[PDB]
Amino acid sequence: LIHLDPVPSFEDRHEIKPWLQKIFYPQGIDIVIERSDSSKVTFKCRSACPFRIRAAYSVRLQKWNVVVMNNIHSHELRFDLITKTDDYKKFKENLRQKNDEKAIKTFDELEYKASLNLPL
Amino acid sequence: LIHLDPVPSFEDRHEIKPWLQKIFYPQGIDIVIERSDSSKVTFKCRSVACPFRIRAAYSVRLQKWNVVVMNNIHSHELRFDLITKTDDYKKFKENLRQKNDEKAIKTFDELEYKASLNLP
DNA sequence: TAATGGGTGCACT
DNA sequence: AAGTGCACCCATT
Ligand SMILES: [Zn+2]
Ligand SMILES: [Zn+2]
Ligand SMILES: [Zn+2]
């Protein structure tokens, strides 16, 4: 159980996924929304994996809490196959639109390394 | 396996549910969409597991929709009175008024009237 | 958005 | 009767 800290001051819950993607895409993890509402978003691996990420707003702390549950995946983590999905390409395009040069560089290198079949 | 006839000339998957509601609501059957795509819609009983299934499929060859009822057996009682208290029925009823479906409105008015009087 | 658990309709894929 | 991503819900404390 991992309590992420610190967490950005999200203005919209829809800022959460892209932020988690930057973190987990490099790990070869491809997160999707299992459930969401105004005050929570729960993530799992894209399709029987027990890996979970629970984001929920805390009134007491006036912030979003993000907790990582159960790191043990029931599958292989392969970043190479991830770069082919549509969610990844949109994530990548989003990075550019937000002019996140640092992240953009990180993923260009990751993609290049992957194209060389180097361990990830 | 029961084929329904006659079937109106639907021009969109989304026109099918409202038609099916007019037919099955009076039978104490509350249909929901299990799944849909541009050429197929699968319906079942709202979850309140029941095997009952309705499948509407578009024949490209015949350029018409065919509707079939499967597993006509239910795992639950069929109560119209309970149905009338749901949000989807109320929305269904308002849709009839929107469409100026005078005859349908009359029909369901009587069904509700009899329902309120505990009349079977 | 009390905190925290889960249900399920349904269109996308 | 495609499987599942996602969000509109509800339940219990
Ligand atoms: Zn939003
Ligand atoms: Zn996983
Ligand atoms: Zn049923």
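Lettering follows sequence order; numbering is per chain, from 1.
- Listed nucleotides C/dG9, D/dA1, C/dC10 differ in distance to B/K17; the shortest reach to its side chain belongs to C/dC10.
- Rounded to whole Å, the distance from CD on A/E34 to P on D/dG3 is 18 Å.
- Phosphate proximity of D/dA7 to A/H14: present, with a side-chain N or O under 4.0 Å from OP1 or OP2.
- Distance from the side chain of A/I33 is smallest to D/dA7 among C/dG9, D/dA7, D/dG3.
- Contact check, A/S47 against D/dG5: a side-chain N or O comes under 4.0 Å of OP1 or OP2.
- The nearest whole Å value for the distance from the CG atom in A/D87 to the P atom in C/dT13 is 9 Å.
- Atom CZ in A/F91 sits roughly 19 Å away from atom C1' in D/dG5 (whole-Å rounding).
- Out of C/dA3, C/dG9, D/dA1, the shortest distance to the side chain of A/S58 is found at C/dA3.
- In this structure, CG of A/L61 is placed 15 Å from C1' of C/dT4, rounded to the nearest angstrom.
- Here C/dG6 counts as south. Its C1'-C2'-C3'-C4' torsion is negative.
- The nearest pair of heavy atoms linking A/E111 to A/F79 is N-CE2, 3.8 Å.
- Summarising the geometry, the separation between CG on B/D12 and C1' on C/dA11 is reported as 12 Å, rounded to the nearest angstrom.
- Rounded to whole Å, atom P of D/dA2 lies 12 Å from atom CZ of B/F43.
- Listed nucleotides C/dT1, D/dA1, D/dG5 differ in distance to A/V32; the shortest reach to its side chain belongs to D/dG5.
- Using cut-offs of 30° and 60° for the angle between ring planes, the B/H74 and B/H76 rings count as perpendicular.
- To the nearest angstrom, P of C/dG9 lies 14 Å from CD1 of B/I54.
- The side chain of B/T42 lies closest to D/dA1, out of C/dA11, D/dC6, D/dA1.
- Among A/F51, A/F91, A/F43, the single residue meeting the ring pair (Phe, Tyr, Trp, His ring centres under 6.0 Å) criterion with A/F24 is A/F51.
- The side chain of B/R35 has D/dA1 as its nearest neighbour among D/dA1, D/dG5, C/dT1.
- Using a 4.0 Å heavy-atom cutoff across all strands shown, A/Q62 reaches no nucleic acid atom at all.
- Closest to the side chain of A/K40, from the set D/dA1, C/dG5, C/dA11, is C/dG5.
- With hydrogens and angles ignored, no donor-acceptor pair under 3.5 angstrom links the side chain of B/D37 to the base of C/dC12.
- Among D/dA1, C/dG9, C/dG6, the nucleotide with an atom closest to any side-chain atom of A/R54 is C/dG6.
- Here C/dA3 is the nucleotide among C/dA3, C/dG5, C/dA11 with the atom lying nearest to any side-chain atom of A/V59.
- Heavy-atom minimum distance, A/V66 versus A/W19: CG2-CZ3, 4.2 Å.
- When each of B/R53 and A/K44 is assigned the nucleotide of DNA chain D bearing its nearest heavy atom, the one mapping closer to the 5' terminus is B/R53.
- Residue order along DNA chain C, read from the 5' end via each residue's closest nucleotide, puts B/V48 first among B/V48 and B/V41.
- Using modelled atom types, one side-chain atom of A/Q62 and one backbone atom of A/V59 make a donor-acceptor pair closer than 3.5 Å.
- The minimum heavy-atom distance between A/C45 and A/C49, with the atom names listed, is SG-SG, 4.0 Å.
- Using modelled atom types, one finds no donor on one side chain facing an acceptor on the other under 3.5 Å when comparing B/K93 with B/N95.
- Sugar pucker of D/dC8: south, since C1'-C2'-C3'-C4' comes out negative.
- In terms of phosphate contacts, B/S47 brings a side-chain nitrogen or oxygen within less than 4.0 Å of OP1 or OP2 of C/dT8.
- A sub-4.0 Å separation between OP1 or OP2 of C/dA11 and a side-chain N or O of B/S36 is present.
- In this structure, the OH atom of B/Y89 is 21 Å from the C1' atom of C/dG9, given to the nearest Å.
- If you find the closest nucleotide of DNA chain C to A/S38 and to A/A56, the one lying nearer the 5' end belongs to A/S38.
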